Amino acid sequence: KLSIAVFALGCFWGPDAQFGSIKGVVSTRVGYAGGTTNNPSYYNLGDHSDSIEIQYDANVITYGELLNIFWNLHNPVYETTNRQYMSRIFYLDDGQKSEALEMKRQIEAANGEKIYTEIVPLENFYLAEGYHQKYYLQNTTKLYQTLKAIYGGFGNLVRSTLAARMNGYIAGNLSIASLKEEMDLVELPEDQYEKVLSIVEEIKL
């Protein structure tokens, strides 16, 4: 049992890699939310926004810390009607709602600009296509294939904490030192630890 935040802040690849680099974030998935059609998809998006579902351990990171990361990944100071990329916070309860509203007020005071992020109730979140998940990792072929065999397949891999961290590492959002600690948590057999580590070290160059 973990806590859930659902945010929208533009194309979801960067957010996936950024939030997935953070201690306390257990898993991420990208998808679509905020519209009024069931089962949207990339070429049939309707009025939905590109969104990220963050599953986090509230004992380790708070919703307030996640909102602060959210507002540091983009600066939503213009009003657009482009639903696919609109800045939105989908609250799952009234505590999330009030923390978001308060933090939005603080930001507007501290920097002087109106924030256009819509703070709205989460209705339905729909998972994006598999090719959008852990996008940087998926497109780093050897590392991906190795990790995928270790986790037992695509679904198990992309739902894992280590994939979230690896994806963030490839994207440039996590140090190799922190990544290595994460690899340590998984307790791989020595040989697999070494295969993964040499790919990762080769990526650092």
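One-based numbering along the sequence shown.
When the two stretches 52 to 60 and 174 to 182 are set side by side, the higher mean Cα temperature factor goes to 174 to 182. The deposited model assigns a higher average Cα B-factor to 194 to 202 than to the other stretch when 2 to 10 and 194 to 202 are compared.
Set against one another, the Cα B-factors of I107, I89, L73, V77 in the record reach their highest point at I107. Among the modelled residues of the chain, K148 sits in the middle third by CA temperature factor in this PDB entry.
Among all modelled residues in this chain, the alpha-carbon of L66 has a temperature factor (C-alpha) in the middle third. Compared with the other modelled residues of the chain, the Cα B-factor recorded for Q96 ranks in the middle third.
Among the modelled residues of the chain, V158 sits in the middle third by CA temperature factor in this PDB entry. Sorting the modelled residues of the chain by their CA temperature factor places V30 in the lowest third.
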